[PDB]
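# Take this sequence and fold it.
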Amino acid sequence: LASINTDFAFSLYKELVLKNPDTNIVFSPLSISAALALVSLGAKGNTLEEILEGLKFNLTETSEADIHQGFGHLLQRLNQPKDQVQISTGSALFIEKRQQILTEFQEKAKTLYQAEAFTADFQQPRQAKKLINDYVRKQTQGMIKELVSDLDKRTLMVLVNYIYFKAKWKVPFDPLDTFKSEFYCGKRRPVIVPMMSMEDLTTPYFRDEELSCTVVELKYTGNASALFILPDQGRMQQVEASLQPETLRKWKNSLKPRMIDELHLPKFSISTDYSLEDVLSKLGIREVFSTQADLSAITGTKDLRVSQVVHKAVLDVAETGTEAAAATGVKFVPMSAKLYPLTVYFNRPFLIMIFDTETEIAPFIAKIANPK
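Numbering: from 1, shown residues only. Below you will find the coordinate block:
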């Protein structure tokens, strides 16, 4: 399941980069997969089959029922605060007023995914826009306030999906060590950003000479970790091309505790909005969006199809973990005698993957092209 989801993650990543070159990317392969699996609960025939296979499942080896129990158990576990890690996630369907939603589907949606399907009047855009955003504002207790822009009048169905998280570093950054540093973003003008830094960090490290990148794992205090991949100068495109579950397995097998004499990591809060129909079509999920959609297990008719899939991911990196630390005064920084210090400075584009350590599923995958 971890491997299936990771394969989906990297497939999606590549399609997203192709769409948006040289830009920050942040998404959840976990939450996106869960939202699409929620739709597959109401699908049948080739509509159903294409969703599950686009998610990288092999249906000769895996049951549709196991797929829903799989994401089901995981999501029931994750939004629950445990050891100071909270991965907050949710999905919802909004269906045009003309159509009825079957109680059977709604019961399964709540049971398996803690999700609901609501009626919306899309013929009145501002009203439907407000209904969706109000729901997500309530659900996230203010964390996401305006998930959706101007929706088309002809919308039959929008699938809505979000993720954000809170966690604390095993080794926090001292906010007094945060300083303004240049990030080499390849822009016309220099880009100066808040740079966190620490010294004498013992953390898992791997220098990958084949792929010309450095891999540093930073642990959170709970069952979670952040993997930071820094391609060598010039080597981002090649590292992006090499992303496959096998490469990730290699990195994870090859990590060893190392003493990093100085670490520089940008402090940032990046949120993204994706309308995912195009990239999902490129992954072979197509019928669900088409006139040939079978969503008869949602409506009891063949009139429904997914019009939009909206995904918002928020990733924060700061001194305490996801949360910024308050700073007072001025710190004296003495130069070390240290002769051949190991330094790792994330001041050019890098990639991040956040892992649930119990399963190795990645709630977040990101490329930080510019953290400003």
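
# CA atoms for contacts and neighbours, from now on please.
OK.

# how about the helices of the stretch 51-200 of the chain, start to end?
Here the stretch 51-200 of the chain has its helices, by DSSP state H, counting those that start in this stretch, at 64-78, 103-113, 125-139.

# who does the lengthiest strand in the chain pair up with?
Assignment by DSSP state E gives strand 191-208 as the longest strand of the chain. Partners of strand 191-208 in the sheet, by DSSP bridges, are strand 179-183 (antiparallel), strand 213-219 (antiparallel), strand 256-266 (antiparallel).

# Buried residues, the shortest one. List them.
Just to be clear, that refers to strand 179-183. Residues residue 183 are the ones in strand 179-183 that count as buried (16 or more other Cα atoms under 10 Å).

# How about residues contacting it?
190-196, 347-348, 370 (Cα atoms under 8 Å, 6 or more residues apart in numbering).

# what distance separates that strand from the centre of its chain?
Offset of strand 179-183 from its chain centre (Cα atoms, centre = their mean, to the nearest Å): 26 Å.

# show me where the stretch 1-150 of the chain has strands.
25-27, 86-96, 116-120 (DSSP state E, counting those that start in this stretch).

# ok, which stretches of the stretch 201-350 of the chain are helices?
236-241, 245-254, 277-282, 296-299.

# what's the closest of these to residue 361?
With respect to residue 361, and counting by Cα to Cα, the nearest of the helices of the stretch 201-350 of the chain is helix 245-254 at 11.3 Å.

# Which elements pack onto the closest one?
helix 2-19, strand 191-208 (3 or more Cα pairs under 8 Å, 6 or more residues apart in numbering; DSSP states H and E).

# Residue 111: which of the ones you listed is closest?
helix 2-19 (21.9 Å).

# just the angle between that closest one and helix 245-254, please?
Here helix 2-19 runs at an angle of 120 degrees relative to helix 245-254 (axes from the mean of the first three to the mean of the last three Cα atoms, to 10 degrees).

# Now that residue 267 has come up, it's in contact with residue 319, right?
Yes: the criterion here is Cα atoms under 8 Å, and residue 267 meets it with residue 319 at 7.4 Å.

# neighbour-wise, which of those two wins?
Shown here are residue 267 and residue 319; by other Cα atoms under 10 Å, residue 319 has more neighbours (25 against 22).

# right, so of the helices of the stretch 201-350 of the chain, which gets closest to residue 157?
Using Cα to Cα, the nearest of the helices of the stretch 201-350 of the chain to residue 157 is helix 296-299, at 11.1 Å.

# Report the distance from that closest one to the chain centre.
29 Å.

# how's the chain carved up into domains?
Using curated CATH domains, the domains assigned to the chain come out as 1-167+267-319, 168-266+320-372.

# who's in contact with the residue nearest to residue 290 when sequence neighbours are not counted?
Distances taken as Cα to Cα, 6 or more residues apart in numbering place residue 305 nearest to residue 290, at 6.6 Å, with adjacent residues excluded. Applying Cα under 8 Å, 6+ apart, one finds that residue 305 lies in contact with 156-157, 288-291, 293-295.

# Could you check how far residue 305 is from residue 342?
According to Cα to Cα, to the nearest Å, residue 305 stands 55 Å off from residue 342.

# wait, residue 163 sits on residue 32?
No: taking Cα under 8 Å as the definition, residue 163 is not a contact partner of residue 32, at 9.3 Å.

# between these two, who's got more neighbours?
residue 32 (29 against 26).

# Could you check how many residues crowd around residue 261?
Around residue 261 there are 17 residues (other Cα under 10 Å).

# Pretty sure it sits against residue 200.
Yes: taking Cα under 8 Å as the definition, residue 261 is a contact partner of residue 200 at 4.4 Å.

# quick one: common contacting residues for those two?
Contacts common to residue 261 and residue 200, judged by Cα under 8 Å, 6+ apart, are absent.

# So for residue 328, what's the nearest residue that isn't a sequence neighbour?
Leaving out its chain neighbours, the residue that sits closest to residue 328 by Cα to Cα, 6+ apart is residue 176, at 7.1 Å.

# That neighbour and residue 333: what is the separation?
Taking Cα to Cα, one finds residue 176 at 10 Å from residue 333.

# Between the two, point out the one with more neighbours.
residue 176 (17 against 7).

# How about the contacts made by the more buried one?
Residue 176 neighbours (Cα under 8 Å, 6+ apart): 327-331.

# what about the closest residue to residue 131 other than its chain neighbours, neighbour count?
If the residues on either side of it in the chain are set aside, residue 131 comes closest to residue 120, at 7.7 Å by Cα to Cα, 6+ apart. Number of residues near residue 120 (other Cα under 10 Å) recorded here: 24.
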